[PDB]
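Quick notes on the structure that follows.
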Amino acid sequence: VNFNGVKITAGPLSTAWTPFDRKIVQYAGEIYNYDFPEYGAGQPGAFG
Amino acid sequence: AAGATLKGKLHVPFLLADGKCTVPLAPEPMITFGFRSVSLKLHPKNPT
């Protein structure tokens with residue numbers, strides 16, 4: 001970014017962390033880390 | 001009364017007789033085999 005002759009550059013390496021696990025489920029604005037099965041491995045009585 | 005205990009009997013209807021009645025059939029179980037072991041995934045519609 002540039003304001004009045006300055007040039008500012010931020011990052012990287014903000015500890016490389018995330019809460020968001022590899023598998024995410026979204027419902028009613030709420031987010032959950034569920035191990036959802038792939039398209040064609042879903043069993044009855046389970047999410048999918 | 002005290003004049004005369006002129007007594008008699010009358011029948012109770014609506015007795016308790018046999019008959020056939022219709023009972024639910026539970027949701028089908030998923031029987032995953034295994035070496036000298038059965039595994040059962042169960043998903044009851046009602047207390048079974």
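Each chain of the structure tokens is named A, B, ... in the order shown, its residues numbered from 1; ligands are numbered from 1 in display order.
In plain terms, chain A touches chain B through residues 43, 44, 45 and 46 of chain A, where touching means an atom at most 10 Å away, counting only C-alpha atoms.
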Atoms kept (C-alpha atoms) for selection, written as a compact mmCIF listing (two decimals), in the first residue's frame:
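New file part-v2.txt:
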# COMPACT_ATOMS: atom_id res chain seq x y z
CA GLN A 43 -24.50 -44.14 4.80
CA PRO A 44 -28.01 -44.06 6.26
CA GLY A 45 -28.45 -42.43 9.63
CA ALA A 46 -25.47 -40.13 9.09
Requested in this report: Report the residues of chain A whose backbone DSSP state falls under strand (DSSP E), written as a list in words.
Outcome: residues 25, 26, 27, 30, 31 and 32 of chain A
Excluding residue 37 in chain A and any residue of its chain fewer than 4 positions from it, enumerate the residues within 12 Å of it, using only C-alpha atoms, and give them as a compact mmCIF listing (two decimals) with N, CA, C and O atoms, in the first residue's frame.
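For reference, around10.txt as written:
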# COMPACT_ATOMS: atom_id res chain seq x y z
N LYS A 23 -12.10 -30.51 6.73
CA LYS A 23 -13.49 -30.78 6.40
C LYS A 23 -14.39 -29.88 7.23
O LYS A 23 -14.34 -29.91 8.47
N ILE A 24 -15.22 -29.09 6.55
CA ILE A 24 -16.04 -28.06 7.17
C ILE A 24 -17.49 -28.28 6.76
O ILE A 24 -17.77 -28.74 5.65
N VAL A 25 -18.41 -27.99 7.67
CA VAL A 25 -19.85 -28.05 7.42
C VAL A 25 -20.45 -26.72 7.84
O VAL A 25 -20.16 -26.22 8.94
N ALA A 41 -20.22 -42.20 -0.60
CA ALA A 41 -19.86 -43.04 0.53
C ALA A 41 -20.73 -42.74 1.73
O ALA A 41 -20.40 -43.16 2.85
N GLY A 42 -21.84 -42.03 1.53
CA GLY A 42 -22.69 -41.66 2.63
C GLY A 42 -23.64 -42.78 2.99
O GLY A 42 -24.25 -43.40 2.12
N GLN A 43 -23.76 -43.03 4.27
CA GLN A 43 -24.50 -44.14 4.80
C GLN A 43 -25.77 -43.65 5.47
O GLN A 43 -25.86 -42.48 5.85
N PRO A 44 -26.77 -44.51 5.63
CA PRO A 44 -28.01 -44.06 6.26
C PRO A 44 -27.84 -43.82 7.74
O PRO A 44 -27.07 -44.51 8.42
N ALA A 46 -26.66 -40.94 8.94
CA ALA A 46 -25.47 -40.13 9.09
C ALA A 46 -25.55 -38.96 8.13
O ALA A 46 -26.33 -38.95 7.18
N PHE A 47 -24.73 -37.96 8.41
CA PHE A 47 -24.65 -36.78 7.56
C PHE A 47 -24.13 -37.22 6.21
O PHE A 47 -22.94 -37.51 6.06
N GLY A 48 -25.01 -37.26 5.22
CA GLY A 48 -24.67 -37.64 3.87
C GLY A 48 -25.56 -38.72 3.29
O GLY A 48 -25.20 -39.36 2.30
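CA of residue 27 in chain B to CA of residue 48 in chain B spans 9.9 Å [interatomic distance, one decimal].
CA of residue 40 in chain B sits 25.9 Å away from CA of residue 22 in chain B.
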